[PDB]
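> Model the following, please.
(chains A, B and C)
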Number of protein chains: 2
Amino acid sequence: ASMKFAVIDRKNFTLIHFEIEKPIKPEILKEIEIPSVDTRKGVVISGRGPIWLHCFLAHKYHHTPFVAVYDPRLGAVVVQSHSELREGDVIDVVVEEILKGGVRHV
Amino acid sequence: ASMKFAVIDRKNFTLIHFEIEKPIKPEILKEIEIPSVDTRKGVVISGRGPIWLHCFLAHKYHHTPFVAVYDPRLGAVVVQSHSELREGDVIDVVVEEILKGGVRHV
RNA sequence: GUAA
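Residues are numbered from 1 along each chain as shown, chains lettered A, B, ... in the order given. And now the structure:
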């Protein structure tokens, strides 16, 4: 409810970037309405938030070819997959760069 | 391996705590050999490490009643469930406290 | 463990 998502689509994946107002409470997970995504594509998840949030979100996209978790130092780290990307693989993405010009956070 | 686990087992869950040497690289996920756990029980995961490690780990226990991700400020945040516990619920455990006296990290 |  009080947390907004952005959904950027590319051929090889759909990036999902979240933004959080202030501190969050775990209770909020009961109410998050997760962006719907093209299931023929792996997903990359980014956003500044605590670990539980990321884990929660990553799970919710498990039915997809893969889930990669962004890390500004490295890129997007595959953490689970059903595709030819393997866990530990790194997708070259720079999120700070893709979000230039600014993106509507729905 | 570069990474050791501890498993503390309790009626209402199996706590899994990890410890990491150095800065890890994502490659390592190809090699982690995950502790096998009583499936009649949810799991709690704790350890200082990057997000992708946690997310990876949490996924790997998804076959259990639930997965909760530890947070020293709050307790253990459920992030997946097939038991009574709901996502966003908080299990009351203090890991810094349960590890007093030292626990063999296998 | 609020992008170790």
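
> Contact residues of chain A facing RNA strand C?
With Cβ under 7 Å from any atom of the strand as the criterion, chain A meets RNA strand C at residues A:17, A:20, A:23-24, A:46-51, A:70-73, A:95-96. Where C-beta positions appear, they are placed from N, C-alpha and C, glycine not excepted.

> Just the buried subset of those residues, written out for ChimeraX, thanks.
The ChimeraX command for the buried members of the residues of chain A next to RNA strand C (criterion: 16 or more other Cβ atoms under 10 Å in any protein chain shown) is given here:
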select /A:17,46,47,49,50,51,70,71,95
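
> and which of the residues of chain A next to RNA strand C is nearest to residue B:30?
residue A:71 (16.6 Å; Cβ to Cβ).

> re the thing from before, tell me which of the residues of chain A next to RNA strand C fall in strands.
Mapping the residues of chain A next to RNA strand C onto strands (DSSP state E) picks out A:17, A:20, A:46-47, A:70-71.

> And the furthest pair within the residues you listed?
A:20 and A:71 (17.5 Å).

> Does the lengthiest helix in chain A reach chain B?
Criterion DSSP state H: the longest helix present in chain A is helix A:51-60. Yes: judged by Cβ under 8 Å from any Cβ of the partner chain, helix A:51-60 comes into contact with chain B through A:51-52, A:54-56, A:58-59.

> gap between the residue lying closest to residue A:47 once chain neighbours are set aside and chain B?
Nearest-residue entry for residue A:47: residue A:18, 3.5 Å, with adjacent residues in sequence omitted and distances by Cβ to Cβ, 6 or more residues apart in numbering or on different chains. Separation of residue A:18 from chain B (Cβ to the nearest Cβ, to the nearest Å): 13 Å.

> Equivalent analysis for residue A:88, please.
The gap separating residue A:88 from chain B is 4 Å, by Cβ to the nearest Cβ.

> Checking my notes, that residue in a strand, right?
No: Residue A:88 is assigned coil when assessed by DSSP: H, G, I helix; E, B strand; the rest coil, not a strand.
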